[PDB]
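This text opens with one protein chain seen in two forms, each one given by itself as structure tokens under the names structure 1 and structure 2.
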Structure 1
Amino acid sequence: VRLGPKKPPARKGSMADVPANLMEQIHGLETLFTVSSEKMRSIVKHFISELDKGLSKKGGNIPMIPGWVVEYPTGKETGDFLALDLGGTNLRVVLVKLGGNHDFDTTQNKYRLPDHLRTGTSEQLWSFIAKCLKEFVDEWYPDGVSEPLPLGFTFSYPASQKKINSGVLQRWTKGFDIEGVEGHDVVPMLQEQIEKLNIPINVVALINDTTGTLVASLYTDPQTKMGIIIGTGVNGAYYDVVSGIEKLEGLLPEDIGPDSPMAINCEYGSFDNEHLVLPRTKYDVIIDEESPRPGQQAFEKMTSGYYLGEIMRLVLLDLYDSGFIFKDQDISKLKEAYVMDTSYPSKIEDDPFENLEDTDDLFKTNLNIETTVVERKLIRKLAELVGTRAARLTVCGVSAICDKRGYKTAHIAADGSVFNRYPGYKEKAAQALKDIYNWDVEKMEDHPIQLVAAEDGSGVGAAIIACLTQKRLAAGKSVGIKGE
């Protein structure tokens, strides 16, 4: 039924019937949005320079935050470990049992946050989280445990960490707004509530989810060299080496030696806030000028899936205003910012039909705009250009990390809604890496540097980081700066 179950072939996409004047505008969209291999190589050179800068004492626009994971997982770890992921709408609690052969078992619950928890008191939040952990532990360990359960806490909010078992909140995001937490260490706040309920849990690590994605994926897949999130937000994490981190000079204890690995949470959404290398167009400038924080998050704005529909909307409105398309149409819906979400370029790029009838139905039904076939061919071209630009720019971050560290091969453990669901994304990213490196290789599965699906970072990853951490803490091996 319908088009059958297997992915339809890509449409042929003939441009033979497109009139000269529209075809000139299509070429102008190609000039605006195509990222050449040379431009990619150029962006990567500057990205490497900014990765270096963020690790220097002076710092830079890329935070390059030390994650205080100073060893790799081996895959041979065993035991029971907890993970907590505090999101905007819910708390997830995960019991991970590590099998010792790159394998694990999970048992997980999800506790939806009451509306008021995001904005009430500090004690109310940590008490709620402790009540969920008590309910969980009491069910899964009805007769307690002989050793407390180490817990890793995924707390993906701007924070500073001078050691892994700490997180001083810098600023709340994602709808949280709780007094008396900004500027304080959240780890003892949660531990205090745990102890109040006499729950046998020791909070031993606080992480960013992308650090988790890196370490979970390297536990199951030892070829992992990076964890990357390609969604509404963007981020990457990898292992540097202590000697490469000027900003830690003089602060490390001697048992964290110069050749020690150090996981880094790049927070590279802010790469090129100086607007010197990314190929921002007039439409990107408008998106930025109209955003909550103009001049911030330059790289996120150029690569996040959240803006891809918005770019199309502004281009389309421009084409309309300049007299090229939708001449007789009521275009009022195209004047609403963010009316086109990521589903628009997605559906348009998935349209299997030469006459682009999925695109026709989307425009008529959702935007009240009737179109000619040749207009839809422009619209389809535009969607392909915007989806492909975002993949080629994301891969500059992958390439900069690999080139910085000398990784000639890598699995890049990827997650987020763009990687997982945007049409053709994996193909677009693989072609981008092939174009950067000029590999002579037929099949994407054989690419020396290739994206693969990540393991669960904020659950499994935080639990494995808790396992690694607990082994250091037990032995007296340092997990932070001297004295901390």
Structure 2
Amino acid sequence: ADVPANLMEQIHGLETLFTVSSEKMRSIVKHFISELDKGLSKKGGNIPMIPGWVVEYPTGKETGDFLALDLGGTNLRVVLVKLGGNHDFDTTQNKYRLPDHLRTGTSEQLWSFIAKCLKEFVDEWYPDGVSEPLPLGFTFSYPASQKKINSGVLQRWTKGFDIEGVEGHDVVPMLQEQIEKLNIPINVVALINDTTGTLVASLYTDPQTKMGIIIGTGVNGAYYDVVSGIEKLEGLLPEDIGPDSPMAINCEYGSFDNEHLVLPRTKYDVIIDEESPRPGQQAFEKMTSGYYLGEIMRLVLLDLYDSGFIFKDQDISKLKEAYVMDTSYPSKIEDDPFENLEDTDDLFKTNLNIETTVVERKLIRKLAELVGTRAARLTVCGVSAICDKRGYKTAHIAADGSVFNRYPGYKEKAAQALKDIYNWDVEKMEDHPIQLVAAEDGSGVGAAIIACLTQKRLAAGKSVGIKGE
């Protein structure tokens, strides 16, 4: 199969629509820097820039036993972390099904069950008893605000959870109360977002870590800023958190560029946005999340069908369905090792009921590569904005999420993206001054380490939040 001229011209067209140059990346990074700055100076810039209330770097010399509680859709995960003091740690964990009848929810049965689980865990791993109370970090992945690290006021339940009387209430004393009633030796000392945990856990084992990044269905970034650079906290901070203090920031930068000033959206991206549940929101996420990569390809193929280029005489009644193509499509297609692209052929015939020619499959494959590479290039603009804003010339960027972990070539695409931005003369990725590395476990390990850092301050009578809180 040699690609017909009319189809080659379309592929060149797709390349012009979807490729992101070095220079464009650099202009996007520049806008991203002042949007991060703006989020730090004011409540409600499009980038939240949420203080995470971690005000020290882990040194890697911390030792001792620390717990984490990771509360999930159908599971509660309880993690014990043993910190070895040399950037090292051992871990063990249990998961507990949350019972059917109490997601539907009394606040007090929810916490009694979480407590009963922690009791079971503590009795199994400390059968002789614990000398001292174990500090616990709580990854609580539901909309919440906190004015100190040892607090989480739930804005709203999510994910089938409908428990009355939790919303508008701090969950920490609710949970702490049931722990005390069971006479379990645990204190709940921190509530975090998982990405904040991804940064701190990775930094403990890897001191070059300068950022924790999630690239999945959702996108998030966390890094350490400095207090003198967080204008929106001026007048709010107690005496022992001064201008020199570090501050962990949970970015929530998915809303970056909602104004649509800098992202190179194509007509296909504009459709995804208009058709989404929230047009004009989540702009950066829409352009980088693995969730939309298949819908992008679908709209493109449908457009080429509609203009006469491809799928002639085919049944497009499945192709016409929004979100029929999930992230597994560009993923499988990029992974297709066959010269004649047989995995691509199977996917389209079987799932979409479309028979393809080899030349169509070559176009489809080129398109998957374009969409995936674009996603990665835009993601690293977030990475480069944090680094450039903070004057980090070298960095380990601790990454997680189903896209970073599972999408074909993702790490090679990101690394080439950084290398083009900074224009390095370095042959191999492993040697890039700024590189993406596999994160440590954020929601588990990360929470327990944060619980460690927080305890250092509390034990000292030192503040971990806004004055008078």
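Reference numbering: structure 1, starting with residue 1. Throughout, rigid core stands for the largest set of C-alpha atoms superposing within 1.5 Å between the two forms.
The residue that stands out in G75, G244, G120, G231 is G120, the single one whose Cα moves by 2 angstroms or more between structures 1 and 2 on a rigid core fit. A movement of the C-alpha atom of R421 falling short of 2 angstroms is seen between structures 1 and 2 when the two forms are aligned on their rigid core. Relative to the superposed core, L317 undergoes a Cα shift smaller than 2 Å between structures 1 and 2.
Comparing the forms between structures 1 and 2, the C-alpha position of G144 differs by 2 angstroms or more, with the core used for superposition. Relative to the superposed rigid core, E375 shifts its CA by 0.7 Å between structures 1 and 2. Note on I287: its Cα is shifted 1.3 Å between structures 1 and 2, core used for superposition.
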